[PDB]
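Here the structure comes first, spelled out in C-alpha cells, and everything after it is commentary.
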Amino acid sequence: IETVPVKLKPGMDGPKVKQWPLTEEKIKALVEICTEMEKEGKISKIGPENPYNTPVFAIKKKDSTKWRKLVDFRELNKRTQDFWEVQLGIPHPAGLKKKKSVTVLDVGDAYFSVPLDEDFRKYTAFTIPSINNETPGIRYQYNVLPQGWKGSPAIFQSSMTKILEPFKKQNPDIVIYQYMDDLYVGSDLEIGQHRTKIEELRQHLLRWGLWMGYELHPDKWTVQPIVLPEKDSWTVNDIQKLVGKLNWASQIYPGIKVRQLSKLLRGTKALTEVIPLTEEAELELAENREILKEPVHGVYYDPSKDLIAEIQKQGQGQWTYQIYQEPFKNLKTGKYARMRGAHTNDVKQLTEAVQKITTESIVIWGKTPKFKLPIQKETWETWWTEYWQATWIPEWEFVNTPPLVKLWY
Amino acid sequence: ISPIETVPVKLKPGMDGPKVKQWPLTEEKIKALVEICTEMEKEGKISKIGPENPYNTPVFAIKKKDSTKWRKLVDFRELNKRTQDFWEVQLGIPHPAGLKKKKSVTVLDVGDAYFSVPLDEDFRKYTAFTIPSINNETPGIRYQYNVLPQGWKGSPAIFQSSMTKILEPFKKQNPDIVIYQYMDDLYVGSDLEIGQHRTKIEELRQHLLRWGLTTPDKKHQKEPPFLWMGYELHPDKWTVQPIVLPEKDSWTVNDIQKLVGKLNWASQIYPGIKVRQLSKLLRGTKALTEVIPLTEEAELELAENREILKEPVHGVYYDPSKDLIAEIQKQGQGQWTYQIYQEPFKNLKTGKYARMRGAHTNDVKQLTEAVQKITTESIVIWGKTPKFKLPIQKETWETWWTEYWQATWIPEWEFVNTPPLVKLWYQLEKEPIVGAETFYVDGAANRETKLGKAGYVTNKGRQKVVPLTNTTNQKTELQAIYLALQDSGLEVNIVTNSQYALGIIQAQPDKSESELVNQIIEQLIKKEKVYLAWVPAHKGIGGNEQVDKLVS
DNA sequence: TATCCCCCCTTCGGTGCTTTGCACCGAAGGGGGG
Ligand SMILES: O=C(Nc1nccs1)[C@@H]1C[C@H]1c1ccccc1
C-alpha cells in the first residue's frame, strides 16, 4: 500500500541508544542475515550523518536452528506519535480470557512487503558492532516496515483485515487478536481439532502471502488470594508473624481486625513459648480467614493507567508476581515454578517468567506491563539475550531493596 | 587522485554560523601571513572568500602540542555545538590481546589524512578564519577551509567513513589480509611470506595513491617492534610502551593522580597493582599546590608497585584454537585481580577490579561483580566468555544463590584453592532458638532535637536505656541491636521493630561504611547462633509497647 | 583558550521511599592511553 506519513510527538527528538556488545556467533549471524536482507533490498547501508541508532540483538527461537534478528524498538515506540490509539490497536476482545486454547502465530514476515515513509526512514537506524572494535560498526537502515515497531501493525492493519476476512467468514468460531508481530488465535473447541484447523489457517495465509507452534490455556488461570496459617497450637513467634502478615493484609482488605490478636501479646514472653488461642481470638481468626479467602472487591481495569508488574524470588526455583495499576489494587496475583532443566539458573528462570507474565498480560488485557525485575542491571543486560525467545520486549525497571515478603508464599 | 565522495553536513535548524574574533596574540607566535596557510592554499586545502562570508572562528598556534611544532589548531568550541549532531560509530579501542598469530606484520600510517579528505561545499563557508598580521596592528585576510578541519566535530566520523569506503574493495579482494584501521593508524598483517607480504603492502600503497592518500616511508614502520597506539608489537609478544613513573621525593596530589593513572594504564599487563591507598588520599584532598603527605600504607603500596614494574612483563596474542581461562584472586579491602590466559604461565591479559557497589556489600557479592565485569570485557575483546577459576567454594556459592533474594549467576567455573578464600562469616537463624534469651529493642529519636534514647527489655527482666545525641532513628535502631548483641551470650533471639536494620543485617554484610554496622558484624561473627524477627510499631505487642514508651 | 573515543577515580544534587535519612545512581570533572 501507499506509505502513511509518520511524525514524532512535538518537541522531542528521535532515538539515540548505544549498542550492547554481542558474541562472535551472534555477530556472524547478524552479518549474514543483514547481508541477505540488503541483497533482497530490505535494508540499505547508511553513512555517519544519521545521528540515530537503536540496539540490535540476535536470538534463536525454540525448536529451530536458524538465527533470527531482533531490533530493540522500545525508544522508537515510546517516541512515535500515537499509532496505537489513533490507529487500529484500540479494540481488544473481552472474551479472549475465556477460551480453552489460545495459540500464538508468527506473522512478522508479512510486514516486509510494505515500504516505510521516507521521512521516517532515518529513525530506524541500527549498528552491527565488530569483535575487538576491529572495524567501525556496520550501520544499516530499514527499507520496509520493521519488525517490532508499534506503527508497523498499524500500517499493516488494512491488509491484515482483508486477509483474515474470509477466515472469519467461513469460521466464526475463533477469536483473533494480534499484538505487534504475533497473532493470538484462540478457539473454544476441542484441542485435537484446534491443531488441525491452524494448519488450514496457516495454509490459507501461506498461499495468499512458519511451522512452529504455541499453546496457552487462559481458562485455567486464577488469582491467588493470601491465606493465613492453619495451626492448632500457636507459639509466640508464630503469633507475632501472623499479626505482621495481617497488618500487611490490612492495607488491602479493610475488614481485617487484629484488636484481640494484639491483646493476646500483652507482656514479654520468650519467642518459643506456646500461647493457646481464646474463643474471641478464634472467632476473629475465622472471620479474617474468610475475608482473605473472599476474592478482592473493588479492582477494576483502567485504560488511562499503565500496568506495573512486581516479581519476588521465593526460593527453590519458585517465583511470584503481581500486576496492578495501583499498589493496593492488584489485578492478578500468580506464581511461577522452575521448569525441568532450568533449576540451576536464576537468570534463565527470571527471563522465562518475564515472557510468561507478559504473554499472559497481553492475552488478558492487551497491554504489556512495566516490569520491576529483582536483578542487577549489569548482569541482566549481560545475560538476558541468551535465553530470550519472544519477538517483543517490555519496559523494565530494576530494584535493589530486599522485598522481605513472605506475604506471597 | 580519486574523487572520494563528500558527506552532506548542515547546522542545527534555526541557528546560524558563529562570528568569533581572535584574542590578542604575539608577533613571535604569529606572522603577517601564517606561512603554512599560503602553501596550503597552493596545495588546494584552503581557498579565499573575502566579501560574502561574514563568519569567523578563533585561530591560534600551539606551543605545548607536538613539541612546539606550531600546529594549526583552529578552535571550533562554538561551532561544534552550533552545528548538527553526529553519531560516532566506533566505541572503543582495539586490544592486541585480540590479535592473531600473523607471520608477517606491517604498520602503515596516513599523515594529515583529514586535510586530504574533502569537505562539503555548503559547510565550507562556516569554517572561515582570519588572522592578524603584525602585533595585532593589521587586520589580515579571511580564509575558508576546503577540506576536513582538524578538530572539527564531524571530522573523525567523516574520515572513518571515507577510509572504510576506500579500503572496502581491497579487503573484499583479499580475505587473508587482515587490516586494522583505527583513527590514523593502519595495522596490516598476514600469514604469507615476508616478500609477498611486502608486495601486497606496495599494492596497498599504490591503491591509496590512486585514491589520493599517501603513506610516507618516514612513518611506515618496516621491521619489529611496531609501536601501535602505545603498545610494542613483536612476532610472539606484546608490551605497553616503557613507563616512567614519577620518582619525585615530594608528592603533590597532581603527581599522585598521575601515578595512579599510569598505574592503571600499566595494570592491564603488570599483575598486582593496587591504588586504593593512593586514592584514599585523593578523596577530600586539598588544593593542588598543597604538598600532600604520604601514609606508610601509601608508600609501601608505591614501593610494591615499583618492585612489580621494575621487571618487564608481556602478553600473548589470541589463539582461536584454544579456550580462555580467567583466575580471580582476592587482595583485601575490596581489591581483585585476574589473569586471563590460554596456556599456563602465558597470560593474554591482566587487570584489577576495586569498585565498591553499595554501602553494605560482602565478598561473595563483590566476586559476582568481578566475574560479571570480566565477562563483559572478554565479550568486547574476544567475543567469548572465558572459563572462570574462582576461589569461592561450590557449597558456599550454592548456599548464597539459593538463599539470596536476587537472581545471580556465574557462567562456568572450577573452585581453586587460593587464599584468602571467599567464605560467609555468619548466618542468621530461620527458626527461634530453643533456650535462648529474648530482647525487645526500640529506639526513638526526634530529628528537631537531634537527641534520642536506645535500649532494650528482656523476658528475664533486665532493662537498659542509654541517652543519645546527634543521631537519627535509623542509628538508634542499629545501636539498640548492638546493645542486644553485646549484652547477650553466644545464642540470642532479638526482636526488632525496624525493617531498615532488619534488612541491613539480613543482607549479610562483611564490610560497611558505618562503624555501627562494622561493630555489629564483629559481634555477629563472634556469636554462634543469632535470630532476628520483626514486629509492627505501636501495635501493642507484648513488651514492645512498654519499651517504646521507655525510649520515647 | 584544540576536537572526539575508550578507561580509571571522586563529587554531586537528583529521585526511591527503604523517609525527610538513606540507599542508589548518572552526570560531570580530574587523571591515564589514544
Ligand atoms: O594518530 C595517532 N597516532 C598514534 N599512534 C600511536 C600513538 S599516537 C593518534 C590517534 C590519533 C588522535 C590523537 C588525538 C586526538 C584525536 C586522535
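To be explicit about the labels: the chains of the C-alpha cells are called A, B, and onward in the order shown, and within each one the residues are counted from 1, while ligands get numbers from 1 in the order they are shown.
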
Contacts of residue 217 (chain A) within 10 Å, only C-alpha atoms (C1' of nucleotides), excl. fewer than 2 positions in-chain, as a PyMOL selection string
chain A and resi 97-103+186+215+219-221+360

At a cut-off of 8 Å around ligand 1, and using only C-alpha atoms (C1' of nucleotides) and all ligand atoms, what residues come up? Please write them as number ranges by chain.
B: 109, 151, 156, 182-185, 227-231; C: 3-4, 34

With N, CA and C atoms (P, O5', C5', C4', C3', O3' and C1' of nucleotides) kept, could you save the residues just selected as an mmCIF file, in the first residue's frame?
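Output (selection36.cif):
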data_model
loop_
_atom_site.group_PDB
_atom_site.id
_atom_site.type_symbol
_atom_site.label_atom_id
_atom_site.label_comp_id
_atom_site.auth_asym_id
_atom_site.auth_seq_id
_atom_site.Cartn_x
_atom_site.Cartn_y
_atom_site.Cartn_z
ATOM 1 N N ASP B 109 51.023 4.268 8.307
ATOM 2 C CA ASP B 109 50.487 5.487 8.891
ATOM 3 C C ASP B 109 50.086 6.460 7.792
ATOM 4 N N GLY B 151 40.111 18.797 14.200
ATOM 5 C CA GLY B 151 39.422 19.094 15.434
ATOM 6 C C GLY B 151 37.971 19.496 15.286
ATOM 7 N N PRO B 156 36.239 13.137 12.685
ATOM 8 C CA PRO B 156 36.610 11.718 12.849
ATOM 9 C C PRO B 156 35.630 10.765 12.190
ATOM 10 N N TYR B 182 42.218 1.931 12.872
ATOM 11 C CA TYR B 182 41.777 2.771 13.976
ATOM 12 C C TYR B 182 42.323 4.178 13.793
ATOM 13 N N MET B 183 41.407 5.137 13.667
ATOM 14 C CA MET B 183 41.795 6.534 13.520
ATOM 15 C C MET B 183 42.872 6.678 12.475
ATOM 16 N N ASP B 184 44.046 7.116 12.901
ATOM 17 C CA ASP B 184 45.107 7.435 11.949
ATOM 18 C C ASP B 184 46.205 6.381 11.941
ATOM 19 N N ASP B 185 45.856 5.111 12.144
ATOM 20 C CA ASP B 185 46.812 4.015 12.087
ATOM 21 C C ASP B 185 46.268 2.938 11.161
ATOM 22 N N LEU B 227 55.371 0.097 17.130
ATOM 23 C CA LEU B 227 54.615 0.887 18.094
ATOM 24 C C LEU B 227 53.195 1.095 17.579
ATOM 25 N N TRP B 228 52.199 0.639 18.337
ATOM 26 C CA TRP B 228 50.804 0.648 17.901
ATOM 27 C C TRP B 228 50.063 1.224 19.107
ATOM 28 N N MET B 229 49.500 2.423 18.933
ATOM 29 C CA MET B 229 48.631 3.078 19.918
ATOM 30 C C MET B 229 49.241 3.048 21.316
ATOM 31 N N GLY B 230 50.568 2.996 21.388
ATOM 32 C CA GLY B 230 51.248 2.931 22.664
ATOM 33 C C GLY B 230 51.639 1.545 23.121
ATOM 34 N N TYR B 231 51.538 0.542 22.257
ATOM 35 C CA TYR B 231 51.956 -0.821 22.547
ATOM 36 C C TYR B 231 53.089 -1.222 21.613
ATOM 37 P P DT C 3 38.059 21.424 22.663
ATOM 38 O "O5'" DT C 3 37.451 21.074 21.228
ATOM 39 C "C5'" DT C 3 36.394 20.138 21.124
ATOM 40 C "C4'" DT C 3 36.535 19.295 19.871
ATOM 41 C "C3'" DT C 3 36.221 17.824 20.059
ATOM 42 O "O3'" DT C 3 34.826 17.610 19.910
ATOM 43 C "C1'" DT C 3 38.239 18.089 18.811
ATOM 44 C "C1'" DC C 4 36.294 13.071 19.572
ATOM 45 C "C3'" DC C 4 34.301 12.718 20.794
ATOM 46 C "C4'" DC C 4 34.069 13.776 19.734
ATOM 47 O "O3'" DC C 4 33.157 11.923 21.051
ATOM 48 C "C5'" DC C 4 33.247 14.968 20.151
ATOM 49 O "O5'" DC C 4 33.865 15.681 21.211
ATOM 50 P P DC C 4 33.919 17.272 21.191
ATOM 51 P P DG C 34 49.702 6.872 23.670
ATOM 52 O "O5'" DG C 34 48.336 7.149 22.882
ATOM 53 C "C5'" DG C 34 47.951 6.304 21.800
ATOM 54 C "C4'" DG C 34 46.495 5.890 21.926
ATOM 55 C "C3'" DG C 34 45.726 5.825 20.610
ATOM 56 O "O3'" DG C 34 44.791 4.755 20.647
ATOM 57 C "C1'" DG C 34 44.700 7.389 22.036
#

Tell me the residues of chain A close to chain C, meaning within 10 Å using only C-alpha atoms (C1' of nucleotides), as an NGL selection string.
:A and (399-403)

What residues in chain C have any atom no more than 9 Å from chain B when counting only C-alpha atoms (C1' of nucleotides), and can you write them as a list in words?
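On the chain C side, the interface is residues 1, 2, 3, 4, 5, 6, 7, 8, 9, 10, 18, 21, 22, 23, 24, 30, 31, 32, 33 and 34 of chain C.
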
So, with only C-alpha atoms as the atoms that count, which of A:95, A:267, A:213, A:255 lies closest to chain B?
A:267

Skip residue 207 (chain B) itself and residues of its chain fewer than 6 positions away, then list as an MDAnalysis selection string all residues within 12 Å of it, counting only C-alpha atoms (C1' of nucleotides).
chainID B and resid 1:2 166:171 200:201 213:215

Can you check which residues of chain B have any atom within 8 Å of chain A? Use only C-alpha atoms and format it as a VMD selection string.
chain B and resid 7 to 9 85 to 95 98 157 to 158 160 to 161 180 to 182 372 376 379 to 384 402 to 409 432 to 434 437 to 438 458 to 459 493 503 534 to 536 539 to 543

Residues near residue 27 (chain C), anyone? I mean within 12 Å using only C-alpha atoms (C1' of nucleotides), not counting same-chain ones fewer than 6 positions away, as a list in words.
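Contacts, in chain order: residues 11, 12, 13 and 14 of chain C.
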
Output C-alpha atoms (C1' of nucleotides) of each residue in that selection to a file, as a PDB file, in the first residue's frame.
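Result went into result_25.pdb, see below:
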ATOM      1  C1'  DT C  11      31.948  14.782  43.855  1.00  0.00           C
ATOM      2  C1'  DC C  12      27.071  15.921  43.133  1.00  0.00           C
ATOM      3  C1'  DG C  13      22.376  17.245  43.524  1.00  0.00           C
ATOM      4  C1'  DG C  14      18.745  14.416  41.906  1.00  0.00           C
TER       5       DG C  14
END

Looking only at strand (DSSP E or B) from DSSP on the backbone, list the matching residues of region 47-293 of chain A as JSON, numbers by chain.
{"A": [53, 54, 56, 57, 58, 59, 68, 69, 70, 71, 80, 101, 102, 103, 104, 105, 106, 115, 125, 126, 127, 128, 138, 139, 140, 141, 142, 144, 174, 175, 176, 177, 178, 179, 182, 183, 184, 185, 186, 187, 216, 234, 235, 274, 275]}

Take the selection from the previous step and output its residues with C-alpha atoms, as a PDB file, in the first residue's frame.
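Writing the result to result-v9.pdb gives the following:
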ATOM      1  CA  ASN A  53      20.783   4.370  16.499  1.00  0.00           C
ATOM      2  CA  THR A  54      18.823   1.578  18.184  1.00  0.00           C
ATOM      3  CA  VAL A  56      20.043  -4.925  17.775  1.00  0.00           C
ATOM      4  CA  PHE A  57      20.237  -8.422  19.266  1.00  0.00           C
ATOM      5  CA  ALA A  58      20.429 -11.912  17.776  1.00  0.00           C
ATOM      6  CA  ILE A  59      18.216 -14.688  19.152  1.00  0.00           C
ATOM      7  CA  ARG A  68      16.738 -14.571  13.972  1.00  0.00           C
ATOM      8  CA  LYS A  69      17.382 -10.835  14.081  1.00  0.00           C
ATOM      9  CA  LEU A  70      15.763  -8.766  16.848  1.00  0.00           C
ATOM     10  CA  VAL A  71      15.988  -4.969  16.956  1.00  0.00           C
ATOM     11  CA  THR A  80       6.152   7.541  17.941  1.00  0.00           C
ATOM     12  CA  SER A 101      -6.888 -22.830  23.941  1.00  0.00           C
ATOM     13  CA  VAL A 102      -5.002 -19.751  22.740  1.00  0.00           C
ATOM     14  CA  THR A 103      -2.407 -20.249  20.013  1.00  0.00           C
ATOM     15  CA  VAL A 104       0.345 -17.785  19.047  1.00  0.00           C
ATOM     16  CA  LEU A 105       1.284 -17.455  15.377  1.00  0.00           C
ATOM     17  CA  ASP A 106       4.164 -15.605  13.711  1.00  0.00           C
ATOM     18  CA  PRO A 115       7.740   0.208   2.265  1.00  0.00           C
ATOM     19  CA  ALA A 125      18.879   3.030  12.085  1.00  0.00           C
ATOM     20  CA  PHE A 126      20.904   0.305  13.789  1.00  0.00           C
ATOM     21  CA  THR A 127      24.551  -0.699  14.132  1.00  0.00           C
ATOM     22  CA  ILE A 128      26.306  -4.070  13.929  1.00  0.00           C
ATOM     23  CA  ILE A 138      28.370  -1.646  10.036  1.00  0.00           C
ATOM     24  CA  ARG A 139      25.361   0.684  10.063  1.00  0.00           C
ATOM     25  CA  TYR A 140      22.125  -0.008   8.189  1.00  0.00           C
ATOM     26  CA  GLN A 141      18.605   1.349   7.630  1.00  0.00           C
ATOM     27  CA  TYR A 142      15.215  -0.350   7.002  1.00  0.00           C
ATOM     28  CA  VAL A 144      10.442  -1.766   4.614  1.00  0.00           C
ATOM     29  CA  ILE A 174     -12.389 -18.330  16.657  1.00  0.00           C
ATOM     30  CA  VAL A 175     -11.489 -15.001  18.250  1.00  0.00           C
ATOM     31  CA  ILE A 176      -8.452 -13.406  16.610  1.00  0.00           C
ATOM     32  CA  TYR A 177      -6.200 -10.718  18.092  1.00  0.00           C
ATOM     33  CA  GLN A 178      -2.682  -9.748  17.023  1.00  0.00           C
ATOM     34  CA  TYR A 179      -0.109  -7.932  19.151  1.00  0.00           C
ATOM     35  CA  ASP A 182       2.435 -12.123  16.596  1.00  0.00           C
ATOM     36  CA  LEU A 183      -1.111 -13.398  16.035  1.00  0.00           C
ATOM     37  CA  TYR A 184      -3.031 -14.792  19.016  1.00  0.00           C
ATOM     38  CA  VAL A 185      -5.578 -17.262  17.622  1.00  0.00           C
ATOM     39  CA  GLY A 186      -7.935 -18.747  20.207  1.00  0.00           C
ATOM     40  CA  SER A 187     -10.662 -21.338  19.742  1.00  0.00           C
ATOM     41  CA  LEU A 216      -1.923 -21.217  26.078  1.00  0.00           C
ATOM     42  CA  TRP A 234       0.399 -21.293  68.382  1.00  0.00           C
ATOM     43  CA  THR A 235       3.832 -20.109  69.526  1.00  0.00           C
ATOM     44  CA  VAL A 274       3.214 -21.692  73.295  1.00  0.00           C
ATOM     45  CA  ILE A 275       0.128 -19.467  73.610  1.00  0.00           C
TER      46      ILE A 275
END

Expected answer as JSON, numbers by chain: helix (DSSP H, G or I) residues in region 386-480 of chain B:
{"B": [394, 395, 396, 397, 398, 399, 400, 401, 402, 403, 473, 474, 475, 476, 477, 478, 479, 480]}

How would the residues just picked look written out with C-alpha atoms as a CSV table (one decimal), in the first residue's frame?
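Output file result34.csv is given in full below:
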chain,number,residue,atom,x,y,z
B,394,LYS,CA,30.9,-24.6,45.5
B,395,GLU,CA,28.9,-25.2,48.6
B,396,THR,CA,29.2,-21.6,49.7
B,397,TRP,CA,28.1,-20.3,46.2
B,398,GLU,CA,25.2,-22.7,46.2
B,399,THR,CA,24.0,-21.6,49.6
B,400,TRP,CA,24.4,-17.9,48.6
B,401,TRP,CA,22.5,-18.1,45.3
B,402,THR,CA,19.8,-20.4,46.7
B,403,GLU,CA,19.1,-18.3,49.8
B,473,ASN,CA,16.2,7.0,64.2
B,474,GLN,CA,18.0,4.6,62.0
B,475,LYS,CA,21.1,4.9,64.1
B,476,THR,CA,19.1,4.4,67.2
B,477,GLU,CA,17.8,1.1,65.8
B,478,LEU,CA,21.2,-0.1,64.9
B,479,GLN,CA,22.6,0.9,68.3
B,480,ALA,CA,19.7,-1.0,70.0

Show me, as a ChimeraX atom specification, the residues that have an atom within 8 Å of region 288-293 of chain B when counting only C-alpha atoms (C1' of nucleotides), minus same-chain residues fewer than 4 positions from it.
/B:250-254

Would you save the residues from that selection as a compact mmCIF listing (two decimals), in the first residue's frame, using C-alpha atoms?
# COMPACT_ATOMS: atom_id res chain seq x y z
CA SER B 250 57.87 15.30 47.19
CA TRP B 251 54.35 14.26 46.22
CA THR B 252 51.59 16.67 45.27
CA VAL B 253 48.04 15.49 44.67
CA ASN B 254 48.53 16.10 40.94

Kindly indicate which residue among A:65, A:7, A:180, A:260 lies nearest to residue 279 (chain A), using only C-alpha atoms for the distances.
A:260

Excluding region 304-308 of chain B and residues on its chain fewer than 2 positions from it, collect all residues at most 8 Å away from it, counting only C-alpha atoms (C1' of nucleotides), and give them as a VMD selection string.
chain B and resid 270 to 274 300 to 302 310 to 311

Selected residues, N, CA and C atoms, written as a short mmCIF file (atom, residue, chain, number, x, y, z; two decimals), in the first residue's frame, please.
data_model
loop_
_atom_site.label_atom_id
_atom_site.label_comp_id
_atom_site.auth_asym_id
_atom_site.auth_seq_id
_atom_site.Cartn_x
_atom_site.Cartn_y
_atom_site.Cartn_z
N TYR B 270 50.85 -5.75 33.93
CA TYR B 270 51.53 -5.96 35.20
C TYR B 270 50.54 -6.44 36.25
N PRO B 271 50.73 -7.61 36.85
CA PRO B 271 49.80 -8.09 37.88
C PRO B 271 50.16 -7.58 39.27
N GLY B 272 49.12 -7.36 40.06
CA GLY B 272 49.29 -6.98 41.45
C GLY B 272 49.23 -5.50 41.75
N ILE B 273 48.82 -4.67 40.79
CA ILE B 273 48.76 -3.23 41.01
C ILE B 273 47.61 -2.90 41.95
N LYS B 274 47.88 -2.07 42.96
CA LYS B 274 46.88 -1.62 43.92
C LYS B 274 46.97 -0.11 44.06
N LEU B 300 54.31 2.14 51.19
CA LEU B 300 54.52 0.71 50.99
C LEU B 300 53.87 0.24 49.70
N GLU B 301 52.67 0.73 49.40
CA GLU B 301 52.00 0.42 48.15
C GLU B 301 52.80 0.89 46.94
N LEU B 302 53.33 2.11 46.98
CA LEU B 302 54.18 2.62 45.91
C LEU B 302 55.45 1.80 45.74
N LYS B 310 59.56 -2.88 38.05
CA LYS B 310 60.99 -2.88 37.73
C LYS B 310 61.36 -4.05 36.83
N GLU B 311 60.50 -5.07 36.76
CA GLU B 311 60.78 -6.13 35.80
C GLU B 311 59.83 -6.01 34.61
#

Record the distance separating CA of residue 82 (chain B) and CA of residue 26 (chain B), expressed in Å with one decimal.
29.0 Å

Quick one, how far is CA of residue 177 (chain B) from CA of residue 349 (chain B)?
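Spanning CA of residue 177 (chain B) to CA of residue 349 (chain B) is a straight-line distance of 25.1 Å.
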